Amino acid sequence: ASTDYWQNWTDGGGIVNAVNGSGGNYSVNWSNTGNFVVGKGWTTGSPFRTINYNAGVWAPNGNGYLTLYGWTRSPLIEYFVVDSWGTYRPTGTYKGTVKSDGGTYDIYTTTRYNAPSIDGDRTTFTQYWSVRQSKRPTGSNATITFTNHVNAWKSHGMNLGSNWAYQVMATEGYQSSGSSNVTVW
């Protein structure tokens, strides 16, 4: 499918060279950054969407995530489906696991306090996570059947908001350096 949304946010720290490529392709070169999120996807997320991607390059030197990323409103929720990471594997309050697209993911919940949200400014909100138990190999055509995660989260009392915001396959980093090249469809 054709992507219609380009996400390129940075808190201004360090260098974040984000390139909006042709079609669903994008690349990022970052160094000594603060927090940033870059990716391509859809303006309106959907719990029934099946995301396809191919990370031709995944080379974080420190803390960075290759993850499906999105938000919902009412309530405000930031969610993730992490397929790979750098030096740090994200975790939180363990809820259970879900098997999907050949891998096993741990389900976690966390809370952010006085942090920047999609609406701008700062606030306190909940984060939903699905983190692969082991890093998914990159360079191949990968699939993320989001419906499997949404259903698993629901079973653990993790319900998403009613107003859907953007949904993208992103590269997120925190105080690190690295390179990535991803194609989404």
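The first residue of the sequence shown is number 1, and the count goes up from there.
K.L.:
Going by the B-factors listed in the PDB entry, is the mean over the C-alpha atoms higher for 78-86 or for 107-115?
P.N.:
Stretch with the higher mean C-alpha B-factor: 107-115.
K.L.:
Using the B-factors recorded in the PDB entry, average over the C-alpha atoms of 22-30 and of 154-162, then report which stretch comes out higher.
P.N.:
Mean B over CA atoms: larger for 154-162.
K.L.:
Could you tell me which third, lowest, middle or highest, the C-alpha B-factor of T44 occupies within its chain?
P.N.:
Ranked within chain, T44 CA B lands in the highest tercile.
K.L.:
Using the B-factor values recorded in the entry, state whether the Cα atom of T50 falls in the lowest, middle or highest third among the modelled residues of its chain.
P.N.:
CA B-factor rank for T50: lowest third.
K.L.:
Ordered by C-alpha B-factor within the chain, which third holds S180? Give me lowest, middle or highest, please.
P.N.:
For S180, the deposited C-alpha B-factor lands in the middle third.
K.L.:
Would the CA B-factor of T126 place it in the lowest, middle or highest third of its chain?
P.N.:
According to the entry, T126 has a C-alpha B-factor in the chain's middle third.
K.L.:
Quick check on the deposited entry: does the C-alpha B-factor of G70 sit in the lowest, middle or highest third of its chain?
P.N.:
Lowest third.
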